[PDB]
file start_32.cif (mmCIF, C-alpha atoms; chains and numbers go by the auth columns)
data_query
#
loop_
_atom_site.group_PDB
_atom_site.id
_atom_site.type_symbol
_atom_site.label_atom_id
_atom_site.label_comp_id
_atom_site.label_asym_id
_atom_site.label_seq_id
_atom_site.Cartn_x
_atom_site.Cartn_y
_atom_site.Cartn_z
_atom_site.B_iso_or_equiv
_atom_site.auth_seq_id
_atom_site.auth_asym_id
ATOM 1 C CA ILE A 1 18.484 2.786 2.543 0.00 114 D
ATOM 2 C CA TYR A 2 17.341 6.264 3.564 0.00 115 D
ATOM 3 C CA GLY A 3 14.377 6.349 1.177 0.00 116 D
ATOM 4 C CA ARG A 4 13.193 2.788 1.691 0.00 117 D
ATOM 5 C CA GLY A 5 13.261 3.332 5.424 0.00 118 D
ATOM 6 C CA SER A 6 14.749 -0.163 5.728 0.00 119 D
ATOM 7 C CA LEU A 7 18.378 -1.145 6.186 0.00 120 D
ATOM 8 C CA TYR A 8 17.914 -4.640 4.698 0.00 121 D
ATOM 9 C CA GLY A 9 15.648 -4.187 1.689 0.00 122 D
ATOM 10 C CA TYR A 10 12.319 -3.073 0.332 0.00 123 D
ATOM 11 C CA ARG A 11 8.968 -3.981 1.871 0.00 124 D
ATOM 12 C CA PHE A 12 5.606 -5.036 0.458 0.00 125 D
ATOM 13 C CA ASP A 13 7.468 -6.995 -2.227 0.00 126 D
ATOM 14 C CA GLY A 14 7.248 -10.755 -2.611 0.00 127 D
ATOM 15 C CA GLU A 15 4.750 -13.352 -3.771 0.00 128 D
ATOM 16 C CA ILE A 16 2.793 -12.783 -0.555 0.00 129 D
ATOM 17 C CA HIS A 17 2.318 -9.164 -1.685 0.00 130 D
ATOM 18 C CA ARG A 18 2.486 -9.663 -5.463 0.00 131 D
ATOM 19 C CA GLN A 19 -0.234 -12.339 -5.489 0.00 132 D
ATOM 20 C CA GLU A 20 -2.803 -9.718 -4.411 0.00 133 D
ATOM 21 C CA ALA A 21 -3.022 -8.421 -7.980 0.00 134 D
ATOM 22 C CA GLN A 22 -4.148 -11.831 -9.220 0.00 135 D
ATOM 23 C CA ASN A 23 -6.464 -12.070 -6.222 0.00 136 D
ATOM 24 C CA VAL A 24 -7.986 -8.746 -7.288 0.00 137 D
ATOM 25 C CA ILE A 25 -8.409 -10.053 -10.839 0.00 138 D
ATOM 26 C CA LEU A 26 -10.263 -13.119 -9.557 0.00 139 D
ATOM 27 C CA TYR A 27 -12.321 -11.030 -7.124 0.00 140 D
ATOM 28 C CA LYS A 28 -13.338 -8.608 -9.875 0.00 141 D
ATOM 29 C CA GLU A 29 -14.290 -11.517 -12.130 0.00 142 D
ATOM 30 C CA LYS A 30 -16.482 -12.964 -9.368 0.00 143 D
ATOM 31 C CA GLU A 31 -17.958 -9.547 -8.557 0.00 144 D
ATOM 32 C CA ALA A 32 -18.919 -8.837 -12.168 0.00 145 D
ATOM 33 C CA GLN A 33 -20.268 -12.384 -12.522 0.00 146 D
ATOM 34 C CA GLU A 34 -22.602 -11.857 -9.565 0.00 147 D
ATOM 35 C CA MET A 35 -23.488 -8.268 -10.487 0.00 148 D
ATOM 36 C CA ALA A 36 -24.609 -9.305 -13.974 0.00 149 D
ATOM 37 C CA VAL A 37 -26.951 -11.886 -12.427 0.00 150 D
ATOM 38 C CA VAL A 38 -28.322 -9.349 -9.943 0.00 151 D
ATOM 39 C CA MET A 39 -28.806 -6.750 -12.684 0.00 152 D
ATOM 40 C CA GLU A 40 -30.617 -9.256 -14.905 0.00 153 D
ATOM 41 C CA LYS A 41 -32.914 -10.186 -12.011 0.00 154 D
ATOM 42 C CA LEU A 42 -33.668 -6.551 -11.176 0.00 155 D
ATOM 43 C CA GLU A 43 -34.208 -5.709 -14.851 0.00 156 D
ATOM 44 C CA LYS A 44 -36.685 -8.566 -15.255 0.00 157 D
ATOM 45 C CA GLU A 45 -38.497 -7.424 -12.107 0.00 158 D
ATOM 46 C CA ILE A 46 -38.687 -3.815 -13.303 0.00 159 D
ATOM 47 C CA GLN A 47 -39.749 -4.785 -16.830 0.00 160 D
ATOM 48 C CA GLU A 48 -42.549 -6.840 -15.290 0.00 161 D
ATOM 49 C CA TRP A 49 -43.668 -4.199 -12.783 0.00 162 D
ATOM 50 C CA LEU A 50 -43.685 -1.245 -15.185 0.00 163 D
ATOM 51 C CA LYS A 51 -45.492 -2.971 -18.049 0.00 164 D
ATOM 52 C CA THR A 52 -48.007 -4.366 -15.544 0.00 165 D
ATOM 53 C CA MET A 53 -48.707 -0.965 -13.945 0.00 166 D
ATOM 54 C CA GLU A 54 -47.342 1.650 -16.366 0.00 167 D
ATOM 55 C CA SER B 1 27.299 -17.319 8.370 0.00 50 F
ATOM 56 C CA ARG B 2 24.996 -17.843 5.392 0.00 51 F
ATOM 57 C CA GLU B 3 25.058 -21.613 5.931 0.00 52 F
ATOM 58 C CA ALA B 4 23.973 -21.313 9.563 0.00 53 F
ATOM 59 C CA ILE B 5 21.414 -18.635 8.669 0.00 54 F
ATOM 60 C CA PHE B 6 19.679 -20.769 6.064 0.00 55 F
ATOM 61 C CA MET B 7 19.892 -23.888 8.228 0.00 56 F
ATOM 62 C CA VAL B 8 18.065 -21.983 10.976 0.00 57 F
ATOM 63 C CA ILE B 9 15.576 -20.570 8.469 0.00 58 F
ATOM 64 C CA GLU B 10 14.707 -23.854 6.776 0.00 59 F
ATOM 65 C CA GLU B 11 14.377 -25.520 10.175 0.00 60 F
ATOM 66 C CA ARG B 12 12.217 -22.789 11.735 0.00 61 F
ATOM 67 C CA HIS B 13 10.338 -21.041 8.902 0.00 62 F
ATOM 68 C CA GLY B 14 11.029 -22.824 5.603 0.00 63 F
ATOM 69 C CA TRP B 15 12.914 -21.819 2.478 0.00 64 F
ATOM 70 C CA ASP B 16 9.835 -21.435 0.270 0.00 65 F
ATOM 71 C CA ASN B 17 7.969 -19.254 2.763 0.00 66 F
ATOM 72 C CA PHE B 18 11.178 -17.283 3.306 0.00 67 F
ATOM 73 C CA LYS B 19 11.376 -16.769 -0.458 0.00 68 F
ATOM 74 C CA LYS B 20 7.780 -15.529 -0.433 0.00 69 F
ATOM 75 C CA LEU B 21 8.447 -12.827 2.171 0.00 70 F
ATOM 76 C CA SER B 22 9.855 -9.373 1.505 0.00 71 F
ATOM 77 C CA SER B 23 13.538 -8.517 1.375 0.00 72 F
ATOM 78 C CA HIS B 24 13.139 -6.572 4.624 0.00 73 F
ATOM 79 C CA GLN B 25 11.545 -9.391 6.607 0.00 74 F
ATOM 80 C CA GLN B 26 13.988 -11.746 4.905 0.00 75 F
ATOM 81 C CA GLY B 27 16.849 -9.679 6.299 0.00 76 F
ATOM 82 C CA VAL B 28 15.196 -9.475 9.712 0.00 77 F
ATOM 83 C CA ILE B 29 14.874 -13.244 9.990 0.00 78 F
ATOM 84 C CA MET B 30 18.388 -13.668 8.592 0.00 79 F
ATOM 85 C CA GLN B 31 19.766 -11.372 11.287 0.00 80 F
ATOM 86 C CA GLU B 32 17.838 -13.242 13.979 0.00 81 F
ATOM 87 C CA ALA B 33 19.252 -16.518 12.656 0.00 82 F
ATOM 88 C CA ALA B 34 22.779 -15.107 12.563 0.00 83 F
ATOM 89 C CA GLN B 35 22.367 -14.065 16.193 0.00 84 F
ATOM 90 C CA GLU B 36 21.005 -17.494 17.157 0.00 85 F
ATOM 91 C CA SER B 37 23.993 -19.162 15.523 0.00 86 F
ATOM 92 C CA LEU B 38 26.675 -16.795 16.828 0.00 87 F
ATOM 93 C CA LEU B 39 25.257 -17.267 20.318 0.00 88 F
ATOM 94 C CA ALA B 40 25.270 -21.078 20.085 0.00 89 F
ATOM 95 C CA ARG B 41 23.143 -21.506 23.195 0.00 90 F
ATOM 96 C CA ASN B 42 23.169 -25.293 22.727 0.00 91 F
ATOM 97 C CA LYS B 43 26.952 -25.630 22.331 0.00 92 F
ATOM 98 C CA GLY B 44 27.524 -23.734 25.577 0.00 93 F
ATOM 99 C CA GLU B 45 28.418 -20.699 23.452 0.00 94 F
ATOM 100 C CA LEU B 46 31.314 -22.443 21.726 0.00 95 F
ATOM 101 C CA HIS B 47 31.849 -22.884 17.984 0.00 96 F
ATOM 102 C CA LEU B 48 33.457 -26.307 18.287 0.00 97 F
ATOM 103 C CA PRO B 49 32.245 -29.775 17.259 0.00 98 F
ATOM 104 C CA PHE C 1 22.437 35.001 4.849 0.00 61 Q
ATOM 105 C CA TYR C 2 25.737 36.682 5.713 0.00 62 Q
ATOM 106 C CA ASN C 3 23.927 39.352 7.722 0.00 63 Q
ATOM 107 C CA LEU C 4 21.928 36.805 9.699 0.00 64 Q
ATOM 108 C CA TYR C 5 24.959 34.663 10.489 0.00 65 Q
ATOM 109 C CA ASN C 6 27.044 37.729 11.322 0.00 66 Q
ATOM 110 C CA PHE C 7 24.401 38.434 13.951 0.00 67 Q
ATOM 111 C CA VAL C 8 24.409 34.784 15.068 0.00 68 Q
ATOM 112 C CA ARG C 9 28.133 35.317 15.627 0.00 69 Q
ATOM 113 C CA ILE C 10 27.317 38.036 18.167 0.00 70 Q
ATOM 114 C CA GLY C 11 24.848 35.987 20.211 0.00 71 Q
ATOM 115 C CA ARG C 12 25.942 34.177 23.353 0.00 72 Q
ATOM 116 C CA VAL C 13 23.393 31.452 24.168 0.00 73 Q
ATOM 117 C CA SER C 14 21.096 31.030 21.170 0.00 74 Q
ATOM 118 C CA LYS C 15 23.981 30.267 18.800 0.00 75 Q
ATOM 119 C CA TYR C 16 24.834 27.196 20.922 0.00 76 Q
ATOM 120 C CA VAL C 17 21.294 26.060 21.842 0.00 77 Q
ATOM 121 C CA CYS C 18 18.872 26.729 18.976 0.00 78 Q
ATOM 122 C CA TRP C 19 20.620 24.077 16.851 0.00 79 Q
ATOM 123 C CA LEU C 20 19.787 21.283 19.318 0.00 80 Q
ATOM 124 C CA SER C 21 16.229 21.105 17.939 0.00 81 Q
ATOM 125 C CA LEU C 22 17.595 20.385 14.436 0.00 82 Q
ATOM 126 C CA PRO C 23 18.487 16.662 14.888 0.00 83 Q
ATOM 127 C CA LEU C 24 14.777 16.185 15.498 0.00 84 Q
ATOM 128 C CA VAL C 25 14.171 17.204 11.873 0.00 85 Q
ATOM 129 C CA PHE C 26 16.368 14.351 10.659 0.00 86 Q
ATOM 130 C CA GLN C 27 14.632 12.051 13.142 0.00 87 Q
ATOM 131 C CA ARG C 28 11.364 12.834 11.377 0.00 88 Q
ATOM 132 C CA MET C 29 12.984 12.488 7.945 0.00 89 Q
ATOM 133 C CA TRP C 30 14.121 8.975 8.862 0.00 90 Q
ATOM 134 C CA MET C 31 11.002 7.805 10.715 0.00 91 Q
ATOM 135 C CA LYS C 32 8.700 8.988 7.923 0.00 92 Q
ATOM 136 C CA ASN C 33 10.542 6.826 5.408 0.00 93 Q
ATOM 137 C CA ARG C 34 10.503 3.936 7.879 0.00 94 Q
ATOM 138 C CA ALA C 35 6.727 4.324 8.106 0.00 95 Q
ATOM 139 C CA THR C 36 6.011 4.757 4.377 0.00 96 Q
ATOM 140 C CA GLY C 37 6.465 1.009 3.840 0.00 97 Q
ATOM 141 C CA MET C 38 6.133 -0.572 7.266 0.00 98 Q
ATOM 142 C CA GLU C 39 4.550 -4.017 7.153 0.00 99 Q
ATOM 143 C CA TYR C 40 1.640 -4.424 9.561 0.00 100 Q
ATOM 144 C CA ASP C 41 -0.932 -7.016 10.544 0.00 101 Q
ATOM 145 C CA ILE C 42 -4.173 -6.782 8.586 0.00 102 Q
ATOM 146 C CA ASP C 43 -6.198 -7.978 11.573 0.00 103 Q
ATOM 147 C CA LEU C 44 -4.966 -5.261 13.928 0.00 104 Q
ATOM 148 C CA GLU C 45 -5.415 -2.577 11.268 0.00 105 Q
ATOM 149 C CA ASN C 46 -9.003 -3.696 10.677 0.00 106 Q
ATOM 150 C CA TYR C 47 -9.687 -4.078 14.420 0.00 107 Q
ATOM 151 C CA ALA C 48 -7.711 -1.044 15.644 0.00 108 Q
ATOM 152 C CA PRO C 49 -7.248 1.452 12.810 0.00 109 Q
ATOM 153 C CA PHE C 50 -5.524 4.625 13.945 0.00 110 Q
ATOM 154 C CA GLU C 51 -7.671 7.770 13.719 0.00 111 Q
ATOM 155 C CA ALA C 52 -10.122 6.143 11.316 0.00 112 Q
ATOM 156 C CA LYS C 53 -13.645 7.489 11.061 0.00 113 Q
ATOM 157 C CA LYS C 54 -16.830 5.810 12.283 0.00 114 Q
ATOM 158 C CA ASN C 55 -15.089 3.836 15.042 0.00 115 Q
ATOM 159 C CA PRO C 56 -17.765 3.527 17.777 0.00 116 Q
ATOM 160 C CA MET C 57 -15.116 2.937 20.447 0.00 117 Q
ATOM 161 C CA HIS C 58 -13.982 6.522 19.847 0.00 118 Q
ATOM 162 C CA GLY C 59 -17.551 7.846 19.981 0.00 119 Q
ATOM 163 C CA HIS C 60 -18.433 8.324 16.308 0.00 120 Q
ATOM 164 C CA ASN D 1 3.860 2.668 -4.569 0.00 70 Y
ATOM 165 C CA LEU D 2 4.303 -0.905 -3.337 0.00 71 Y
ATOM 166 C CA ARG D 3 2.556 -0.121 -0.053 0.00 72 Y
ATOM 167 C CA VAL D 4 -0.367 1.725 -1.619 0.00 73 Y
ATOM 168 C CA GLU D 5 -0.776 -0.884 -4.360 0.00 74 Y
ATOM 169 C CA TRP D 6 -0.943 -3.697 -1.803 0.00 75 Y
ATOM 170 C CA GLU D 7 -3.302 -1.618 0.341 0.00 76 Y
ATOM 171 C CA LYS D 8 -5.576 -0.902 -2.628 0.00 77 Y
ATOM 172 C CA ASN D 9 -5.583 -4.538 -3.743 0.00 78 Y
ATOM 173 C CA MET D 10 -6.610 -5.549 -0.224 0.00 79 Y
ATOM 174 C CA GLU D 11 -9.226 -2.788 -0.005 0.00 80 Y
ATOM 175 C CA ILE D 12 -10.810 -3.944 -3.268 0.00 81 Y
ATOM 176 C CA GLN D 13 -11.293 -7.562 -2.174 0.00 82 Y
ATOM 177 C CA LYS D 14 -12.542 -6.434 1.272 0.00 83 Y
ATOM 178 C CA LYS D 15 -9.583 -7.938 3.142 0.00 84 Y
ATOM 179 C CA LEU D 16 -8.751 -4.465 4.503 0.00 85 Y
ATOM 180 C CA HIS D 17 -10.906 -1.572 5.635 0.00 86 Y
ATOM 181 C CA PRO D 18 -11.231 1.427 3.293 0.00 87 Y
ATOM 182 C CA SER D 19 -9.001 4.445 3.704 0.00 88 Y
ATOM 183 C CA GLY D 20 -10.156 6.563 6.629 0.00 89 Y
ATOM 184 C CA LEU D 21 -13.216 4.446 7.485 0.00 90 Y
ATOM 185 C CA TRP D 22 -13.681 1.822 10.179 0.00 91 Y
ATOM 186 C CA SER D 23 -15.512 -1.107 8.593 0.00 92 Y
ATOM 187 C CA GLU D 24 -17.730 -3.288 10.754 0.00 93 Y
ATOM 188 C CA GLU D 25 -17.350 -6.653 9.013 0.00 94 Y
ATOM 189 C CA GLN D 26 -13.550 -6.597 8.854 0.00 95 Y
ATOM 190 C CA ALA D 27 -13.264 -5.447 12.469 0.00 96 Y
ATOM 191 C CA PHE D 28 -15.640 -8.136 13.739 0.00 97 Y
ATOM 192 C CA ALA D 29 -13.769 -10.782 11.743 0.00 98 Y
ATOM 193 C CA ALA D 30 -10.410 -9.574 13.065 0.00 99 Y
ATOM 194 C CA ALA D 31 -11.776 -9.671 16.613 0.00 100 Y
ATOM 195 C CA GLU D 32 -13.005 -13.230 16.090 0.00 101 Y
ATOM 196 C CA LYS D 33 -9.594 -14.158 14.676 0.00 102 Y
ATOM 197 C CA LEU D 34 -7.532 -12.576 17.462 0.00 103 Y
ATOM 198 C CA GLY D 35 -10.056 -13.749 20.062 0.00 104 Y
ATOM 199 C CA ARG D 36 -10.565 -10.194 21.317 0.00 105 Y
ATOM 200 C CA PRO D 37 -13.711 -8.369 22.444 0.00 106 Y
ATOM 201 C CA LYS D 38 -15.882 -7.029 19.655 0.00 107 Y
ATOM 202 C CA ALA D 39 -16.080 -3.296 19.019 0.00 108 Y
ATOM 203 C CA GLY D 40 -19.133 -2.133 20.954 0.00 109 Y
ATOM 204 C CA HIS D 41 -20.783 1.238 21.490 0.00 110 Y
ATOM 205 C CA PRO D 42 -19.494 2.206 24.959 0.00 111 Y
ATOM 206 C CA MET D 43 -20.630 5.828 24.727 0.00 112 Y
ATOM 207 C CA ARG D 44 -23.481 7.142 26.881 0.00 113 Y
ATOM 208 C CA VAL D 45 -25.132 10.229 25.411 0.00 114 Y
ATOM 209 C CA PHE D 46 -27.806 10.130 28.132 0.00 115 Y
ATOM 210 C CA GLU D 47 -25.183 10.462 30.872 0.00 116 Y
ATOM 211 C CA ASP D 48 -25.775 13.356 33.255 0.00 117 Y
ATOM 212 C CA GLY D 49 -24.468 16.505 31.593 0.00 118 Y
ATOM 213 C CA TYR D 50 -23.419 15.508 28.079 0.00 119 Y
ATOM 214 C CA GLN D 51 -26.036 17.051 25.747 0.00 120 Y
ATOM 215 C CA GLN D 52 -27.160 20.001 27.867 0.00 121 Y
ATOM 216 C CA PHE D 53 -25.733 22.592 25.453 0.00 122 Y
ATOM 217 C CA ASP D 54 -27.199 20.605 22.532 0.00 123 Y
ATOM 218 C CA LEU D 55 -30.008 22.572 20.893 0.00 124 Y
ATOM 219 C CA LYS D 56 -31.295 19.387 19.215 0.00 125 Y
ATOM 220 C CA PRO D 57 -30.892 16.697 21.907 0.00 126 Y
ATOM 221 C CA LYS D 58 -31.498 12.958 21.538 0.00 127 Y
ATOM 222 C CA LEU D 59 -34.559 11.383 23.137 0.00 128 Y
ATOM 223 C CA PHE D 60 -34.371 8.233 25.233 0.00 129 Y
ATOM 224 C CA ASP D 61 -36.471 5.395 23.812 0.00 130 Y
ATOM 225 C CA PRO D 62 -36.288 1.688 24.811 0.00 131 Y
ATOM 226 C CA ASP D 63 -36.320 -0.097 21.455 0.00 132 Y
#
call {"tool": "encode", "arguments": {"input": "start_32.cif", "output": "C-alpha cells"}}
result
Amino acid sequence: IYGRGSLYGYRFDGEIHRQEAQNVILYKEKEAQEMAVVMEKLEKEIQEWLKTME
Amino acid sequence: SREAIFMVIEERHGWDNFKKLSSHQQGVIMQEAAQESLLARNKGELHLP
Amino acid sequence: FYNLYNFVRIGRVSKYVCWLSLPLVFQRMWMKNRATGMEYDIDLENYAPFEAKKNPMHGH
Amino acid sequence: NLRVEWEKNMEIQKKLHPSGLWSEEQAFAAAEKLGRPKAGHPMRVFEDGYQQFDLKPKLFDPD
C-alpha cells in the first residue's frame, strides 16, 4: 500500500492500459509501412537527379 | 455489500468496462457504490423492503 | 550519536520543537508514491502540461 | 514501470506529448476536445520596457 501509493490497488493496469502495447505494435507497423514507401520515392528521385546531373 | 456494489456498477458503468479499468479505479468506484448503497437515498435511508 | 543526544537532553526548546518538521518528511514519502502512478487525463496533460518546455502560454 | 510503460506507449503513437516538451498538435486536439481556447502566444516582447537590457533586440516587422 505504501509503495503503490494507493490503498485499493495498483494503477495503470488493465486492458485499457495493457492494450497500448498492441496499439504501439500496430502503429509501428503502419509507420514502417509508410516510411518504406517514402524512402523508395525519395531514393527514386535522388537516383534520377544525380544520374541526370552528376 | 458486494451485491449492492456490483448492482450499482453494472447499472451505472458496466461490468465489462469496470473489468477493463485498474484495480485502483475499480476500488474507487466500488467505494462510491458502497456509499451510495449504505446511504439508500431512495429508501429514505432505510435498509428495509 | 550518544554525544549529540546527550546534548539534546540538555536543550529546553529545540528538543521539543525541531521534531515537528519531521512528519512533513513522511508526508512527502507518501505523496511521492501516490504521484508515481496517479492516473490522469491525457487531454489535460497535452493541453496543460506542468512545467513542460516550449509552451507559448508561459512565454517560451 | 507500469506508468512509464503506458506513458511511453502513448508517446510513441503520438497520443501524448513527449517528455518535457509541449507539442502543438496534441494540445490543439485536446483543446478542440475539451472545447477550450487554443494555446496562443500572449507574450508581447515589444511592450514598453521588456528588451531594453537586451544587447540583441528583436525588430518589429508586420508580416
call {"tool": "closest_residue", "arguments": {"input": "start_32.cif", "among": "Y:127, Y:70, Y:84, Y:92", "to": "residue Y:114", "atoms": "all atoms listed in the file"}}
result
Y:127
call {"tool": "closest_atom_pairs", "arguments": {"input": "start_32.cif", "of": "chain Y", "to": "chain D", "cutoff": "9 Å", "atoms": "all atoms listed in the file", "output": "tab-separated table"}}
result
residue	atom	partner	partner_atom	distance
Y:71	CA	D:125	CA	5.8
Y:72	CA	D:125	CA	5.8
Y:74	CA	D:134	CA	8.7
Y:75	CA	D:130	CA	6.4
Y:78	CA	D:133	CA	5.9
Y:79	CA	D:133	CA	7.0
Y:81	CA	D:137	CA	6.9
Y:82	CA	D:140	CA	6.1
call {"tool": "closest_residue", "arguments": {"input": "start_32.cif", "among": "F:53, F:79, F:59, F:74", "to": "chain Q", "atoms": "only C-alpha atoms"}}
result
F:74
call {"tool": "residues_around", "arguments": {"input": "start_32.cif", "residues": "residue Y:94", "least_positions_apart": "3", "cutoff": "12 Å", "atoms": "only C-alpha atoms", "output": "VMD selection string"}}
result
(chain Q and resid 103 106 to 107) or (chain Y and resid 83 to 87 90 to 91 97 to 101 107 to 108)
call {"tool": "interface_residues", "arguments": {"input": "start_32.cif", "of": "chain D", "to": "chain Q", "cutoff": "10 Å", "atoms": "all atoms listed in the file", "output": "JSON, numbers by chain"}}
result
{"D": [114, 115, 116, 117, 118, 119, 120, 123, 124, 125]}
call {"tool": "closest_atom_pairs", "arguments": {"input": "start_32.cif", "of": "chain F", "to": "chain Q", "cutoff": "12 Å", "atoms": "all atoms listed in the file", "output": "JSON lines"}}
result
{"residue": "F:70", "atom": "CA", "partner": "Q:99", "partner_atom": "CA", "distance": 10.8}
{"residue": "F:71", "atom": "CA", "partner": "Q:99", "partner_atom": "CA", "distance": 9.4}
{"residue": "F:72", "atom": "CA", "partner": "Q:99", "partner_atom": "CA", "distance": 11.6}
{"residue": "F:73", "atom": "CA", "partner": "Q:99", "partner_atom": "CA", "distance": 9.3}
{"residue": "F:74", "atom": "CA", "partner": "Q:99", "partner_atom": "CA", "distance": 8.8}
call {"tool": "atom_distance", "arguments": {"input": "start_32.cif", "atom1": "atom CA of residue Y:102", "atom2": "atom CA of residue F:64"}}
result
26.7 Å
call {"tool": "residues_around", "arguments": {"input": "start_32.cif", "residues": "residue F:96", "least_positions_apart": "6", "cutoff": "9 Å", "atoms": "all atoms listed in the file", "output": "short mmCIF file (atom, residue, chain, number, x, y, z; two decimals) with C-alpha atoms, in the frame of the given file"}}
result
data_model
loop_
_atom_site.label_atom_id
_atom_site.label_comp_id
_atom_site.auth_asym_id
_atom_site.auth_seq_id
_atom_site.Cartn_x
_atom_site.Cartn_y
_atom_site.Cartn_z
CA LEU F 87 26.68 -16.80 16.83
CA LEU F 88 25.26 -17.27 20.32
CA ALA F 89 25.27 -21.08 20.08
#
call {"tool": "closest_residue", "arguments": {"input": "start_32.cif", "among": "F:57, F:62, F:75, F:82", "to": "chain D", "atoms": "only C-alpha atoms"}}
result
F:75
call {"tool": "axis_aligned_box", "arguments": {"input": "start_32.cif", "around": "stretch 116-125 of chain Y", "padding_each_side": "3 Å", "output": "JSON"}}
result
{"center_x": -27.4, "center_y": 16.5, "center_z": 26.2, "size_x": 13.9, "size_y": 18.1, "size_z": 20.0}
call {"tool": "closest_residue", "arguments": {"input": "start_32.cif", "among": "Y:104, Y:89, Y:118, Y:131", "to": "chain Q", "atoms": "only C-alpha atoms"}}
result
Y:89
call {"tool": "residues_around", "arguments": {"input": "start_32.cif", "residues": "residue Q:117", "least_positions_apart": "5", "cutoff": "7 Å", "atoms": "all atoms listed in the file", "output": "ChimeraX atom specification"}}
result
/Y:108-111
call {"tool": "write_last_selection", "arguments": {"input": "start_32.cif", "atoms": "C-alpha atoms", "output": "PDB file, keeping the file's coordinate frame"}}
result
ATOM      1  CA  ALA Y 108     -16.080  -3.296  19.019  1.00  0.00           C
ATOM      2  CA  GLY Y 109     -19.133  -2.133  20.954  1.00  0.00           C
ATOM      3  CA  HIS Y 110     -20.783   1.238  21.490  1.00  0.00           C
ATOM      4  CA  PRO Y 111     -19.494   2.206  24.959  1.00  0.00           C
TER       5      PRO Y 111
END
call {"tool": "atom_distance", "arguments": {"input": "start_32.cif", "atom1": "atom CA of residue Y:116", "atom2": "atom CA of residue Y:129"}}
result
11.0 Å
call {"tool": "atom_distance", "arguments": {"input": "start_32.cif", "atom1": "atom CA of residue F:51", "atom2": "atom CA of residue F:83"}}
result
8.0 Å
call {"tool": "build_atoms", "arguments": {"input": "start_32.cif", "residues": "stretch 97-110 of chain Y", "atoms": "N, CA and C atoms", "output": "CSV table (one decimal), keeping the file's coordinate frame"}}
result
chain,number,residue,atom,x,y,z
Y,97,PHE,N,-15.1,-7.0,13.0
Y,97,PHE,CA,-15.6,-8.1,13.7
Y,97,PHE,C,-14.9,-9.4,13.4
Y,98,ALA,N,-14.5,-9.6,12.1
Y,98,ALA,CA,-13.8,-10.8,11.7
Y,98,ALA,C,-12.4,-10.8,12.4
Y,99,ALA,N,-11.7,-9.6,12.4
Y,99,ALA,CA,-10.4,-9.6,13.1
Y,99,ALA,C,-10.5,-9.8,14.6
Y,100,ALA,N,-11.6,-9.4,15.2
Y,100,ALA,CA,-11.8,-9.7,16.6
Y,100,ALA,C,-12.0,-11.2,16.8
Y,101,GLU,N,-12.8,-11.8,16.0
Y,101,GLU,CA,-13.0,-13.2,16.1
Y,101,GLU,C,-11.7,-14.0,15.9
Y,102,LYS,N,-10.9,-13.5,15.0
Y,102,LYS,CA,-9.6,-14.2,14.7
Y,102,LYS,C,-8.6,-14.0,15.9
Y,103,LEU,N,-8.4,-12.8,16.3
Y,103,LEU,CA,-7.5,-12.6,17.5
Y,103,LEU,C,-8.2,-13.0,18.8
Y,104,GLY,N,-9.4,-13.4,18.8
Y,104,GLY,CA,-10.1,-13.7,20.1
Y,104,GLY,C,-10.2,-12.6,21.0
Y,105,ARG,N,-10.4,-11.4,20.5
Y,105,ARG,CA,-10.6,-10.2,21.3
Y,105,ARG,C,-12.0,-9.8,21.5
Y,106,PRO,N,-12.3,-8.9,22.4
Y,106,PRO,CA,-13.7,-8.4,22.4
Y,106,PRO,C,-14.1,-7.6,21.2
Y,107,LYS,N,-15.4,-7.7,20.8
Y,107,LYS,CA,-15.9,-7.0,19.7
Y,107,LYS,C,-16.1,-5.5,19.9
Y,108,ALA,N,-15.9,-4.7,18.9
Y,108,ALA,CA,-16.1,-3.3,19.0
Y,108,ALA,C,-17.5,-2.9,19.3
Y,109,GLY,N,-17.8,-2.5,20.5
Y,109,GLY,CA,-19.1,-2.1,21.0
Y,109,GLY,C,-19.3,-0.6,20.9
Y,110,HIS,N,-20.4,-0.2,21.4
Y,110,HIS,CA,-20.8,1.2,21.5
Y,110,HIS,C,-20.7,1.7,22.9
